[PDB]
Structure formats: C-alpha cells, structure tokens
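These notes are about the structure you will find just below.
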Amino acid sequence: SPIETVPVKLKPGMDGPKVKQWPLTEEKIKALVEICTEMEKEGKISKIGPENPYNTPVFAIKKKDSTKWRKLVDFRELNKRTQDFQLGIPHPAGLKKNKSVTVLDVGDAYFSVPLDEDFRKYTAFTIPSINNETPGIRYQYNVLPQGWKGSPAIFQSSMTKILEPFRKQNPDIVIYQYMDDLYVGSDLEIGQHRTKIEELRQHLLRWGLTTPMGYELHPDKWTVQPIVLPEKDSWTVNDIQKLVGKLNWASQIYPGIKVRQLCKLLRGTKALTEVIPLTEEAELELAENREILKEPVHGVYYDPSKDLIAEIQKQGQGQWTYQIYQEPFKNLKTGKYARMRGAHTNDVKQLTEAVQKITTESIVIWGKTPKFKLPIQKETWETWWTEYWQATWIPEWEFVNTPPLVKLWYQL
Amino acid sequence: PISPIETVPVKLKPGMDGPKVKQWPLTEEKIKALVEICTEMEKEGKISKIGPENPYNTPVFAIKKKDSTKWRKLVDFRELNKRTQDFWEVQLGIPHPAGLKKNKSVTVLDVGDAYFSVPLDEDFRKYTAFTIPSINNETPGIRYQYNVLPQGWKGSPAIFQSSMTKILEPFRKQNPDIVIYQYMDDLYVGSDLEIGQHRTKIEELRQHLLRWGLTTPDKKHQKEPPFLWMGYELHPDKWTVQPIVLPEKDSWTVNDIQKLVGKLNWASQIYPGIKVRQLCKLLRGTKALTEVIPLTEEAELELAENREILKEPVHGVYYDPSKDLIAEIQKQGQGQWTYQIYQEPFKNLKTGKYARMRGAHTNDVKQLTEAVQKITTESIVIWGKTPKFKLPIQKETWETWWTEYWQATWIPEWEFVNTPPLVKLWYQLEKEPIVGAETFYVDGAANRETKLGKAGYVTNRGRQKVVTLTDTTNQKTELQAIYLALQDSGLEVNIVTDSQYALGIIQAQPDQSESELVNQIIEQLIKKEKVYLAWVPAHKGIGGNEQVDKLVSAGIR
Ligand SMILES: CCc1nn(CCO)c(CC)c1Oc1cc(C#N)cc(C#N)c1
C-alpha cells in the first residue's frame, strides 16, 4: 500500500556499504531462505542483479519466549553512513526515572511504509550457500527495513498518530522509540503497568502490528555499584598494597581521594604476610574514601556529541563487571552482571547476555548504544554471538586484552 | 548463440564518461587479422559496425600463439574498466572437495564460448567501441562495438554468473534433489539416480541451457574421472591433491623454498603430519629470490619427514550430510598442530595444520583453543555445521584454565582423547602471599637517550643486588629484575613489581615466547615450587618499591 516516500540521502562523499557476509550454518541458511522467499511473495524485498555492488551482513536469531527463526540484518555500516536518521528522535530524560519500563518490538510496522526507490540499492544483502556450491541469493528492500535507524526516523510521523489517543489518556506514561523497539515507562503499580501495556498493544494491533508481556526493566532499582573497599580486622602488607593500588587508581576518577596516611603504613622492606595495625589517621582516610565511593562522581557529564564506550571484565563464577564512559575513568555508569540459571558452563553466552543488558540500559539512560571493548578473541565472538543473541539491534564492538589490574579495581 | 536473457543494466561510475583512447597505428599483418577475426564475430552477432557518431574508443591489438599461425584479438579495456561501475563479487569462496556430497553419478559440463553467449546492455554497448586502424593512418578505421560480454571487461565475470543463475533457477525448482555447482564457465552436476535417469536429467538440463543460448559438450565430449580441478584430483568416491613432486636438489634458492612451502601447505589438506615451520624459518629476512639458502639440520629433518609422508599416496572421502563430523587435533611440536576431520573413524574427509601467533607469549591451552576456533570456522564454511572435537587435554585442565583466565573462551562439544603429547599448564602462580618465603621488591629503569639500564631488587631478609644492562628498554629491565629475583630466590618466593607489563605476561601462564628473556623466566618459574606475584603503583611512598627505584635509577637518570 505505497505512500509518498521520504527521499533518503547518504552523507556527502560517503558511499554505500560493501560488507562481506560471514558463513552461516545450514540450519540458519534454510531458515533465511524460507523467510526471504516469503518476504518476496509479500513484495517486501526483491531479487537483485550483480549491478548492485552493495552488501550488508545477515543472520538468523531467536528472541526470548520465541522458537521461530527471525532475520537479523546488520545495518551498522549503513547506519553510520546515514543521518538523515537530520530528523532524529528526541530521548526523554524521564524514562530512566520510571518505576518500570517495558520493551515492545514494533519492527513489523516498518513493512507498511515503502522505501525511497533511489535508496533501495543500499539495503542489499546476501543469503550464502554451503561450500559455495550456489552463488548467494541477493535481495534488496522495497519497504523500510528492520535494523536501519532510518526506519524509525521516517516512521515517527505515523508512530505519533498511532500513540496520540494512548498518550492523551495516559500523559504520565513515557514512550521512547529506539530502532525496532518501544520503551514504555510508568510509575504505576506493576498490575496497572502491565494492564496499560496490554492496552497499548491493542492500539498497535489496530495498525496491523502484532506487538507481543515483554522484558520488564526497573531503572529505579538501578544503582551504580561502588568500587568496594575491604573490611578486615587485621591487615597484611599485601592487603594494604592491594588497597593502595586500588585507591591510587580510583583517585584518577574521584578527586576527593586521599592515600598519604595509608601509604605511611607501607614503609620499609617488609614481608607481604606481615600483619600491620592501622593508625587511627589511616582509619579516617579509609572511611572517608568509602563515603566518596558510595556517591556518584563529581565532574562527569554525558556529552551528546561524543560516543559512549563500555568495558567489561570477566570476574569468574559467572560474574561480570562493566563501565560506561566517554573519556577513560570518567565513568558515567558502572555495573555488574551475574549468570542467570542455565549459562552455568558458557562464557560467550554470558558475555552476549551482559552486552545486551548494558546496551538496553544505555538506550534507557542516554538513548544511544555504547561501543564495546570485548574481553574475547574476535573470531570466537564472530563465530558464536548469534547463537545467544536476541536483540533486534547490534552495537559496535572491538576486542581487547583486559589489563589484569582493572579486574581487581572493579572486583567485588 | 547469444542468450535471449534480459540484459543487466550497466552504467559508468557517477562523474565519469566513456573511454576515448586513440588507436595505435598497427602492422599490415595485424590489421589483416583483425579484419577477418572481426568479420567472423560480426557474422555471429558478437559485434556490430558503428556510425561516426560514437566518440568512444578502446585500443585493439593482435597476437599469434606459437606452434600455430592463427591470430588472436586482444582488447585493452584498462580504461573502460577504470570507468565501469563496481559490481558485486562472483563468489565468497571456492568449493572444497571435502564438502562435496557423495552422489552415485556425477557429470561435468562446461559452458563452451561462455562470455560471448551473453548479451550486453544496449545502452552500454556504445562505450565498448574499438577501431581497426587503416594501413598507416590512411582514413577512418572500421569501427565496431560489442553486443555481448567482452573478454577482459570488468563486469563480464559477474554478469555471466548472474545470467547462469537466472537460467538455472527454474530447473533448480523443478529438480530440488540435484546438485549443480556453478564455477566460472564450468558446471558440475550430481544426483543419486542410476545412470539411466541421470543421463536423461543431464540431457534435459542441456536442452534447458541450449534453449537459453548456452552450448555444452555432449556425452562423448564430457570429461571422465579423474577430474583435475583447481589443484585437486577428483574420483567418484575419493579426492586428493594433484601429484606433488618434491624437487631433489643441491643448494636451495628462496624461490625454491617458497614453492616448496607452497606445495607442502597445499598437500596439508589431505596428507596428515606435514610440518612447514622449519622451512618458513629459512624464509626470514630473505632479501633475495635467486639467493641460495643453506638448509639447517632441522629443515633437512623436516623435509625428510615430509618426503616419508608424501611417499604414500593418501586420499580423502566425501561428505555424508546424515553423519556427524568429528575433528581430532594433535600437538606436533613447538607451536605446531595438526588435525583431521572424518565421519567414520579414520576415513578422513579432510586434514589440516595450525601454527599461528609469532610467539607473542602463549601456552598450549591458548593455542589449542585457537586451533579449535580455526577448525570451527572452516567447518561452517565447508559443511554448514560445527564438528564434535576430540582433544588431547583433560576436562579438568580445561576447566581450571578457562574459569581463571580473563578472556571469555568457549570450545564447542568436545571429548578428551588420550593422544600424547597431552596439553597442560607447566606452572601456576599462588593466589595469596606465601608465608615464610622471602619477599623480593624488584624494579628496573632505562635511560631513553643512552639505552643504558639497571635492574635489581631488595628483600625483606635484607638482601640487595643491582645489575647494569646495555641496549635495553624499560620493559626489558622490568623483566630482567623479575628474572634476577627468580635466580637468587629458591623454591618459594613472593615478588612485588611496579610493571603491569610483566605482571600481564606472567599471569597468562605462558610456556613459549619470542623473547629469550621471557623463556628464561618461564624456565625458572617451572623450577619453583611456589611463586606469588603482586603489583604496586610506582613513584609512591610504598616501602620496597620506593627503595629499588633508587639503586636502579642511580646513574641512569
Ligand atoms: C556434484 C559435483 C561433484 N560431486 N562429487 C562427489 C562425488 O561423489 C564430485 C567428485 C567427482 C563432483 O565433481 C566435481 C568435478 C569438478 C571438475 N572438474 C569440480 C567439482 C567441484 N566442486 C566437482
């Protein structure tokens, strides 16, 4: 049912994406063929020729409470070459303050709006084949594609119309749209909250988009976990040394930190195991620092012109710590992630879970995804991330070698 | 023929126009050849004479192949190619034999005069203009233009490919249980039908292709197994590498060793055990290609071991989609790993080897994991699934390492296999300070200008020592200092450094390094019974570190 298409434009000089397709399992290839031959019949996508030199990677995932393969297109390159995405969506500051936030997939809506004829070329993707027997199956989009930041930007107009009645009826409810999802926050009792979401799904239903008691977030119960200073009766040189290092480091973040009194204890070439009684003076400094570490961090402020960065550390025992900043040490947010009953034997599984959780929080707090620094081997992550990935979006990532100390500093 | 297939719309790069490269004046003989060649092509619709309007031109040439007095027409499309749009990419990989499914009957059909049987977009033909010059730049030359995909044009491989895909589609739909592999101008067909029906299915295919302008060989013209395909020898039930001949030679050149390593790496696909590490070592620094390189005792042994392996012809089996894939890995030596993939115990579909990471400080556990990863990737590419692993590492060793390492790691379903040498960790750092063990506070410094440096320690038992180092770095002194403390310590030691660098290296339990020093440290760490390593920030009122920083810094700014 075409309408007047919104003319899209790449950044001046910037050219379309030409990203290689990574090998997929037969299982996923089969699933994508089935999905795509169905989207073709529905006119959402159509086959393309070799005169289309563009390519975007494609995968197959399965969301939580879902046993039906879903197509996930990695538009990260196209997204970076677009904006346009010009007329963006404003991020509400009230969302992070709501007692509860519900995430709703509204991606099925995008398939109604036709995509600008002259832009279609850039949405090209390939379904690969095993052992390269057959050349890849090539298609492009005719309708707004899921995963492209241009789709929500274009769909704003229609989304506001859809939500207008619900908005006027519940003006205290916060609605934020980010990519294929809707974030709905209220301060209501969990019962009313869920009732209001159900009502919202009906509104969406009237517009052809079946939006299925989704993941429930509680941004109120989100509290930045401190750096954590030990609490012992007797201390060794090793413990004070471990403490001095930790504080020395934290002093780079929180200015008010002092270490002169504690350091005074560490004088002479003593054995690491020697017990050392702490001077009443060091006791204060210590306690005083713990107080500082309880509170946020004076000086750090979100700068919307700069990228968000997230670092993750493997703590062991299914535990993971993470930090979000724009400039190193200037932590806008720190947190933890403990393996949920099941991943009792998988690091990659836990890391993908942790990445999705952190990304979700970023979207809620800043309306932006962070650039990840992953403590893993590229090829390993490349090989397995899709096995446990359930988000409709994909953040930017790089692979790093965790500095051993950083693990301790944030260790709990 | 010329396929009746709809053409692919082609265009030049945005801010560009067609080529306008002048014709070089050509020899009388070369001009004669072009005229006849072009007359033939013109008669077959491959090319067409053009008006004076067309302002485009691309140089034309003529060369004759030896042992024959038959001329060939060469067009230099370098310019048009720079002006032609970018296309897709024919394929992301070449089929690997090991991935070929077992089928009772297989046929190879090559598409004859491939590129020339496919039409070119009419709106683009104008840009393919070429000129046969007149004897001595007399008057206008005979001007032509292509109607089909020109040999050596940028878009030909891709356009041909697509045209074949479009052509094969209906036949694919009506015959889902037949495998067709598209490779350049070739076409391989497989079925599980008894000859009779298969030759019928082949014939039907050829008829579908011919109905579309593509000629193929008929029965008596089709190749017969063995098939010599892209370096391989294909038989209906097995495959191998094209006969490999290891040159018997006295005095080897860089070029000779290069080709040797090439053939060996190539043979590694099916011949298990091939070692190349010692030969690659000779190729370090090289500086020349004709320079002869004397073979080390180790390379001679390696080469001899390879000959033995290659003396016995080995074959690979084909893929059965119903059975699981099993990959086994073995340690061949220092950073050397081999693997084999089979479905039925010891009937290999494929072989391979692994020997990465230039000694950036590693251990056998990290290496094994890397080899598993590499194997996993290729399995997905070749078979669309991951194999079940058989590893020479204890589940206990594995869990101990993974749980405690800082990087997330994960091996798919694997099973321990008692195949020595087994993978293990050679030493382990203590989790907490050792009571009644001397504490060495180490440190190292190095002058940036002079490259001179000092390394040393001071203990809790009041000991002290400071070594002077020449042509050093800060990194090297920090590692030298730790090495010193390990030398003068004995069985149990607590070591406190200010170097995150050294702490990082040692913590990863390395057993191999490119650094002679790190090897000293490893060798020393293995001898110990207990070792605890701690870190402190430098330049602080921290007893111990504050002091070693004095003697090590004195005389070295
Ligand atoms: C379906 C194609 C095919 N399957 N098999 C397994 C038989 O059980 C073989 C071995 C003979 C094939 O032949 C090729 C011949 C040539 C040639 N020339 C190339 C390839 C490829 N790829 C394949």
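FYI, nothing fancy with the structure tokens labels: chains A, B, ... in order, residues from 1 per chain, ligands from 1 as they appear.
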Quiz item: So which residues touch range 440-446 of chain B within 6 Å, counting only C-alpha atoms, skipping near sequence neighbours fewer than 3 positions away, as a count of residues only?
Solution: 21
Sort by chain and increasing residue number a table of all residues of chain A within 6 Å of chain B, each with its closest pair of atoms and their distance in Å to one decimal, counting only C-alpha atoms, and write it as a Markdown table.
| residue | atom | partner | partner_atom | distance |
| --- | --- | --- | --- | --- |
| A:23 | CA | B:381 | CA | 5.5 |
| A:25 | CA | B:384 | CA | 4.2 |
| A:26 | CA | B:384 | CA | 4.6 |
| A:50 | CA | B:88 | CA | 5.0 |
| A:51 | CA | B:87 | CA | 5.2 |
| A:53 | CA | B:88 | CA | 4.2 |
| A:130 | CA | B:384 | CA | 5.6 |
| A:131 | CA | B:382 | CA | 4.5 |
| A:132 | CA | B:95 | CA | 5.3 |
| A:133 | CA | B:181 | CA | 4.6 |
| A:134 | CA | B:181 | CA | 5.9 |
| A:245 | CA | B:536 | CA | 5.7 |
| A:263 | CA | B:541 | CA | 5.7 |
| A:266 | CA | B:543 | CA | 5.1 |
| A:267 | CA | B:543 | CA | 3.7 |
| A:268 | CA | B:543 | CA | 4.3 |
| A:269 | CA | B:544 | CA | 4.6 |
| A:270 | CA | B:460 | CA | 5.0 |
| A:271 | CA | B:439 | CA | 5.6 |
| A:273 | CA | B:435 | CA | 6.0 |
| A:314 | CA | B:406 | CA | 5.7 |
| A:347 | CA | B:408 | CA | 5.2 |
| A:375 | CA | B:407 | CA | 5.0 |
| A:376 | CA | B:408 | CA | 5.1 |
Produce a file of the selected residues containing N, CA and C atoms, as a short mmCIF file (atom, residue, chain, number, x, y, z; two decimals), in the first residue's frame.
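Wrote out-v1.cif, looks like this:
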data_model
loop_
_atom_site.label_atom_id
_atom_site.label_comp_id
_atom_site.auth_asym_id
_atom_site.auth_seq_id
_atom_site.Cartn_x
_atom_site.Cartn_y
_atom_site.Cartn_z
N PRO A 23 30.14 -16.74 6.99
CA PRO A 23 29.50 -18.04 6.81
C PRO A 23 28.47 -18.32 7.88
N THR A 25 25.41 -21.34 9.33
CA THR A 25 25.11 -22.76 9.40
C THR A 25 23.96 -23.09 8.45
N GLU A 26 23.90 -24.35 8.00
CA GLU A 26 22.85 -24.83 7.11
C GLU A 26 21.49 -24.51 7.70
N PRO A 50 23.84 -8.28 -10.33
CA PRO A 50 25.24 -8.03 -9.95
C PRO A 50 25.63 -6.58 -10.09
N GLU A 51 24.77 -5.78 -10.73
CA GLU A 51 24.98 -4.35 -10.92
C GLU A 51 24.80 -3.63 -9.60
N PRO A 53 26.48 -3.32 -6.30
CA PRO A 53 27.75 -3.67 -5.66
C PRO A 53 27.72 -3.56 -4.13
N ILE A 130 26.17 -23.30 1.31
CA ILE A 130 27.21 -24.18 1.83
C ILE A 130 28.19 -24.63 0.77
N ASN A 131 29.47 -24.58 1.12
CA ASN A 131 30.58 -24.98 0.27
C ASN A 131 30.60 -24.21 -1.03
N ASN A 132 29.94 -23.03 -1.04
CA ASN A 132 29.92 -22.13 -2.18
C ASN A 132 29.56 -22.86 -3.46
N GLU A 133 28.57 -23.75 -3.36
CA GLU A 133 28.08 -24.53 -4.49
C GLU A 133 27.27 -23.66 -5.40
N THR A 134 26.39 -22.88 -4.79
CA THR A 134 25.47 -21.96 -5.42
C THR A 134 25.95 -20.55 -5.13
N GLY A 245 46.97 0.42 45.75
CA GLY A 245 46.86 0.33 44.30
C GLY A 245 45.47 0.71 43.83
N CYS A 263 49.58 4.96 52.83
CA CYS A 263 50.92 4.76 52.30
C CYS A 263 51.98 4.83 53.38
N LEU A 266 53.00 1.56 54.69
CA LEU A 266 53.84 0.78 53.80
C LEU A 266 55.22 1.38 53.66
N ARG A 267 56.06 1.23 54.70
CA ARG A 267 57.43 1.77 54.67
C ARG A 267 58.43 0.81 55.25
N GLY A 268 59.43 0.49 54.44
CA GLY A 268 60.45 -0.50 54.76
C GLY A 268 60.20 -1.71 53.89
N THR A 269 61.16 -2.63 53.83
CA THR A 269 61.01 -3.82 53.01
C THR A 269 60.46 -4.98 53.83
N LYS A 270 59.16 -4.93 54.13
CA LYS A 270 58.53 -5.95 54.95
C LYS A 270 57.99 -7.12 54.14
N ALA A 271 57.83 -8.29 54.80
CA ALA A 271 57.27 -9.48 54.17
C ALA A 271 55.80 -9.21 53.90
N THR A 273 53.15 -11.02 54.09
CA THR A 273 52.24 -11.60 55.07
C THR A 273 52.25 -10.93 56.45
N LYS A 314 35.73 -10.01 32.99
CA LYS A 314 35.31 -11.33 33.44
C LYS A 314 35.83 -11.49 34.88
N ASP A 347 30.89 -18.92 28.67
CA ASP A 347 31.42 -17.56 28.71
C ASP A 347 30.85 -16.66 27.63
N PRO A 375 36.36 -8.54 26.09
CA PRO A 375 37.48 -9.39 26.51
C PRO A 375 37.37 -10.80 25.90
N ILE A 376 37.53 -10.89 24.57
CA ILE A 376 37.40 -12.15 23.84
C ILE A 376 38.16 -12.07 22.51
#
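Straight-line separation from CA of residue 365 in chain B to CA of residue 502 in chain B: 20.0 Å.
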Mind running chain B against ligand 1 at 6 Å and telling me each contacting residue's nearest atom pair with the distance in Å (one decimal), counting only C-alpha atoms and all ligand atoms, chain and number ascending, as a Markdown table?
| residue | atom | partner | partner_atom_place_in_ligand_line | distance |
| --- | --- | --- | --- | --- |
| B:95 | CA | ligand 1 | 22 (N) | 4.8 |
| B:97 | CA | ligand 1 | 22 (N) | 5.9 |
| B:100 | CA | ligand 1 | 6 (C) | 5.0 |
| B:101 | CA | ligand 1 | 6 (C) | 5.3 |
| B:102 | CA | ligand 1 | 8 (O) | 3.6 |
| B:103 | CA | ligand 1 | 8 (O) | 4.2 |
| B:106 | CA | ligand 1 | 3 (C) | 5.6 |
| B:108 | CA | ligand 1 | 15 (C) | 5.9 |
| B:179 | CA | ligand 1 | 1 (C) | 5.4 |
| B:188 | CA | ligand 1 | 2 (C) | 4.9 |
| B:189 | CA | ligand 1 | 1 (C) | 4.8 |
| B:190 | CA | ligand 1 | 1 (C) | 3.8 |
| B:227 | CA | ligand 1 | 18 (N) | 4.8 |
| B:228 | CA | ligand 1 | 18 (N) | 5.8 |
| B:229 | CA | ligand 1 | 18 (N) | 4.5 |
| B:234 | CA | ligand 1 | 11 (C) | 4.8 |
| B:235 | CA | ligand 1 | 11 (C) | 4.9 |
| B:236 | CA | ligand 1 | 11 (C) | 4.4 |
| B:237 | CA | ligand 1 | 8 (O) | 5.0 |
Self-check item: Test item, alpha helix (DSSP H) assignment across range 53-238 of chain A, answer as a PyMOL selection string
Solution: chain A and resi 76-81+150-169+190-205+237-238
Quiz prompt | All strand (DSSP E) residues (DSSP, backbone) inside range 268-455 of chain B, as a PyMOL selection string | solution = chain B and resi 292-293+326-333+336-342+348-354+388-391+414-416+439-446+453-455
Self-check item: Nearest to residue 248 in chain A by atom-to-atom distance, counting only C-alpha atoms, from A:218, A:327, A:289, A:138
Solution: A:289
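Checking A:108, A:127, A:75, A:406 one by one against residue 31 in chain A, counting only C-alpha atoms, you find the shortest gap at A:127.
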Quiz item: Near residue 258 in chain B, counting only C-alpha atoms, which residues have an atom at most 12 Å away, once you skip same-chain residues fewer than 2 positions from it, shown as a PyMOL selection string?
Solution: chain B and resi 252-256+260-265+276+279-284+286+288-290+292-293
Atoms to include: N, CA, C and O atoms. Write the selected residues as a CSV table (one decimal), in the first residue's frame.
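Listed below is the output, selection19.csv:
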chain,number,residue,atom,x,y,z
B,252,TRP,N,69.4,-24.7,-2.3
B,252,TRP,CA,68.0,-24.2,-2.5
B,252,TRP,C,68.0,-22.7,-2.5
B,252,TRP,O,68.7,-22.1,-1.7
B,253,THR,N,67.2,-22.2,-3.4
B,253,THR,CA,67.0,-20.7,-3.5
B,253,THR,C,65.8,-20.4,-2.7
B,253,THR,O,65.0,-21.2,-2.4
B,254,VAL,N,65.7,-19.1,-2.4
B,254,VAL,CA,64.5,-18.5,-1.7
B,254,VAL,C,63.2,-19.0,-2.5
B,254,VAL,O,62.3,-19.5,-1.9
B,255,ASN,N,63.3,-18.8,-3.9
B,255,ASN,CA,62.2,-19.2,-4.8
B,255,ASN,C,61.9,-20.7,-4.6
B,255,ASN,O,60.7,-21.0,-4.6
B,256,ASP,N,62.9,-21.5,-4.5
B,256,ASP,CA,62.7,-23.0,-4.4
B,256,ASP,C,62.0,-23.3,-3.1
B,256,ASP,O,61.1,-24.2,-3.1
B,260,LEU,N,58.3,-24.8,-2.4
B,260,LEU,CA,58.3,-26.0,-1.5
B,260,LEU,C,57.3,-25.8,-0.4
B,260,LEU,O,56.4,-26.6,-0.3
B,261,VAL,N,57.3,-24.7,0.3
B,261,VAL,CA,56.4,-24.4,1.4
B,261,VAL,C,55.0,-24.4,0.8
B,261,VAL,O,54.0,-24.9,1.4
B,262,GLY,N,54.8,-23.8,-0.4
B,262,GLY,CA,53.5,-23.7,-1.1
B,262,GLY,C,52.9,-25.0,-1.4
B,262,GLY,O,51.8,-25.3,-0.9
B,263,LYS,N,53.7,-25.9,-2.0
B,263,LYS,CA,53.2,-27.3,-2.3
B,263,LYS,C,52.9,-28.1,-1.0
B,263,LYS,O,51.9,-28.7,-1.0
B,264,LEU,N,53.8,-27.9,0.0
B,264,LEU,CA,53.6,-28.5,1.3
B,264,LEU,C,52.3,-28.1,2.0
B,264,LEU,O,51.5,-29.0,2.3
B,265,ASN,N,52.1,-26.8,2.1
B,265,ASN,CA,50.9,-26.2,2.7
B,265,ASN,C,49.7,-26.7,1.9
B,265,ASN,O,48.6,-27.0,2.5
B,276,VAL,N,55.9,-27.5,8.4
B,276,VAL,CA,56.5,-26.5,7.5
B,276,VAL,C,57.3,-25.5,8.3
B,276,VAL,O,58.1,-24.7,7.7
B,279,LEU,N,61.0,-24.8,7.6
B,279,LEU,CA,61.3,-24.3,6.3
B,279,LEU,C,61.0,-22.8,6.3
B,279,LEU,O,61.8,-22.0,5.7
B,280,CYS,N,59.8,-22.4,6.8
B,280,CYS,CA,59.4,-21.0,6.9
B,280,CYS,C,60.5,-20.2,7.6
B,280,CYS,O,60.8,-19.1,7.1
B,281,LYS,N,61.1,-20.7,8.6
B,281,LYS,CA,62.2,-20.0,9.4
B,281,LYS,C,63.3,-19.5,8.4
B,281,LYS,O,63.8,-18.4,8.6
B,282,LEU,N,63.7,-20.4,7.5
B,282,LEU,CA,64.7,-20.0,6.5
B,282,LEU,C,64.3,-18.8,5.7
B,282,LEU,O,65.2,-18.0,5.3
B,283,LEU,N,63.0,-18.7,5.4
B,283,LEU,CA,62.5,-17.6,4.6
B,283,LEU,C,62.4,-16.2,5.4
B,283,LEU,O,61.7,-15.3,5.0
B,284,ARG,N,63.1,-16.1,6.5
B,284,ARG,CA,63.1,-14.9,7.3
B,284,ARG,C,64.3,-14.0,6.9
B,284,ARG,O,65.4,-14.4,6.8
B,286,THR,N,65.1,-13.0,4.1
B,286,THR,CA,65.3,-13.3,2.7
B,286,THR,C,66.1,-12.4,1.8
B,286,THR,O,67.1,-12.8,1.3
B,288,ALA,N,66.4,-11.6,-1.0
B,288,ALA,CA,66.6,-12.0,-2.4
B,288,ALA,C,65.7,-13.2,-2.8
B,288,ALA,O,65.0,-13.8,-2.0
B,289,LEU,N,65.7,-13.5,-4.1
B,289,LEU,CA,64.9,-14.6,-4.6
B,289,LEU,C,65.7,-15.7,-5.3
B,289,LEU,O,65.3,-16.9,-5.3
B,290,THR,N,66.8,-15.3,-5.9
B,290,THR,CA,67.8,-16.2,-6.5
B,290,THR,C,68.9,-16.6,-5.5
B,290,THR,O,69.7,-17.4,-5.8
B,292,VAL,N,70.7,-18.4,-2.7
B,292,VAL,CA,70.6,-19.8,-2.2
B,292,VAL,C,70.7,-19.7,-0.7
B,292,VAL,O,71.4,-18.9,-0.1
B,293,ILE,N,69.9,-20.5,0.0
B,293,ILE,CA,69.8,-20.6,1.4
B,293,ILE,C,70.2,-22.0,1.9
B,293,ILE,O,69.6,-23.0,1.5
Quiz item: Counting only C-alpha atoms, what is within 9 Å of residue 125 in chain A, bar same-chain residues fewer than 3 positions away, as a list in words?
Solution: residues 21, 54, 55, 56, 57, 58, 73, 122, 137, 138, 139 and 140 of chain A
What does the file look like for those residues with C-alpha atoms, as a PDB file, in the first residue's frame?
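Final file, part-v3.pdb:
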ATOM      1  CA  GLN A  21      28.681 -11.947   4.503  1.00  0.00           C
ATOM      2  CA  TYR A  54      26.400  -3.168  -2.122  1.00  0.00           C
ATOM      3  CA  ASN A  55      26.137  -5.651   0.750  1.00  0.00           C
ATOM      4  CA  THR A  56      25.054  -5.813   4.359  1.00  0.00           C
ATOM      5  CA  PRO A  57      25.544  -8.947   6.532  1.00  0.00           C
ATOM      6  CA  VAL A  58      22.507 -11.081   7.510  1.00  0.00           C
ATOM      7  CA  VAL A  73      20.269  -7.651   9.278  1.00  0.00           C
ATOM      8  CA  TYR A 122      21.934   0.389  -0.327  1.00  0.00           C
ATOM      9  CA  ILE A 137      20.757 -15.292  -3.091  1.00  0.00           C
ATOM     10  CA  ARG A 138      20.702 -11.495  -3.405  1.00  0.00           C
ATOM     11  CA  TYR A 139      17.814  -9.200  -2.405  1.00  0.00           C
ATOM     12  CA  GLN A 140      17.144  -5.540  -1.505  1.00  0.00           C
TER      13      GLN A 140
END
Quiz item: Got a sec: who's within 9 Å of range 25-29 of chain B, counting only C-alpha atoms, leaving out chain neighbours fewer than 2 positions off, as a ChimeraX atom specification?
Solution: /B:23,31-34,61-62,132-137
